[PDB]
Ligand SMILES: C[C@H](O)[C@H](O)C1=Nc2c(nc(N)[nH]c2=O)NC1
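Presented below, as structure tokens, is a lone chain in the form deposited without this ligand.
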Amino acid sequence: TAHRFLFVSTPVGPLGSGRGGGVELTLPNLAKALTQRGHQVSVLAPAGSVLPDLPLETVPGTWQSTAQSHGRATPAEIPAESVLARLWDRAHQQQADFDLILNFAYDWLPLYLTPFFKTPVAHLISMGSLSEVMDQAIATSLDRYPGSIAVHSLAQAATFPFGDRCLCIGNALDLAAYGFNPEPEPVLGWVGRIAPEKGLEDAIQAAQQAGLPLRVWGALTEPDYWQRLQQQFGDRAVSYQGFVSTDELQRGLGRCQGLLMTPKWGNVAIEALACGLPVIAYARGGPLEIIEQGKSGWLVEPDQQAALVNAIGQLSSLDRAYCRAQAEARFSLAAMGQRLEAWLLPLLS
């Protein structure tokens, strides 16, 4: 029996701007996982958002800041003309048109508003623990509404003291959008948003160290001033490929013989695997649950440049077809759709 869901997106920026982080990939993929099982999914997101096949409603207003002004002590903030506030006002007005509302935003207000809704509200958490106000908002809604909080990885849940009461739904992609490439060029890839402390420096240095050009995909929003700054490695070393569509990304990415992930503190690793692309990552966080050591990638001692360069040297030992097979066996929409229902359908009753 089929149901009607409303997905409320992140307020940090529009779907398609590259500003929403992983939610920009997760939300449409989870929506498609559910509609392919006969459900209706509508999306509510900031003005300027795009979404190819689904009902979308947008609301103008000021985007939610990402800044941690006081570390773990920074309060929740609602600016004038807040888009987050307007999104949840709009959701509330139409709450009776849906069986369940799914919140994708890492913010205090949707959690606080949950008992103010008659329609059930579930929360897919996309970040690890960052602030006291957020930890407490999530815990409160866990206490009141068991099973209402999901996460993407065990590593992510482990950053929360209540992590064991969060349901882990893992990750998935629309694999039919991604082509397997068995014949890479002698280049490395990096995917992410192009901004300070995103690990991008570690990747360039390692790829350079290894004698391989680094190709870089993502959104440029310290532009070019953070970016051009980094031609302190030379266009010798690093090659911006743009912020592109998924189809452009997969055909470009699949040409790399490896993907470097060098973050600090999920989709991107799977996107590489889906193209046949092994992943070299710091042994830290979400990649530990995606990559199979020495089979679909290399998980290496974090912050060690010789480790990255050693791993780059062992890329051709990895079977690209295995990487693609792992993506199909583990990260399909069809299985994510099953996990979504096991999570959300009990929340209806």
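What we label the rigid core is the largest C-alpha set whose atoms superpose within 1.5 Å from one form to the other. Numbers for residues come from their place in the sequence shown, where the first is 1.
Keep in mind the form solved in complex with this ligand is missing from the figure; the text below concerns it.
Heavy atoms of no residue among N181, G258 and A321 are located within 4.5 Å of this ligand in the bound PDB entry.
Of the heavy atoms in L333, none are within 4.5 Å of this ligand in the bound PDB entry.
Taking non-hydrogen atoms only, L15 never approaches this ligand to within 4.5 angstroms in the bound PDB entry. Contact check for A105: a heavy atom falls within 4.5 Å of this ligand in the bound PDB entry.
Among heavy atoms of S153, none comes within 4.5 Å of this ligand in the bound PDB entry. Only one segment in the set 141-149, 94-102, 206-214, 67-75 has any non-hydrogen atom within 4.5 angstroms of this ligand in the bound PDB entry, and it is 67-75. Note on contacts: among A158, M127, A177, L229, the single residue with a heavy atom within 4.5 Å of this ligand in the bound PDB entry is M127. Residues from 10-25 that approach this ligand in the bound PDB entry with a non-hydrogen atom closer than or equal to 4.5 Å are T10, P11, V12, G20, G21, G22, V23, in the order they occur in the chain. No residue in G147, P75, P223, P115 other than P223 shows a CA shift of 2 angstroms or more between this form and the one not shown after fitting the rigid core.
Whereas the shown form places them at one spacing, the Cα atoms of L130 and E222 lie at least 3 Å farther apart in the bound PDB entry. A shift of at least 3 angstroms brings the Cα atoms of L30 and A67 nearer to each other in the bound PDB entry than in the displayed structure.
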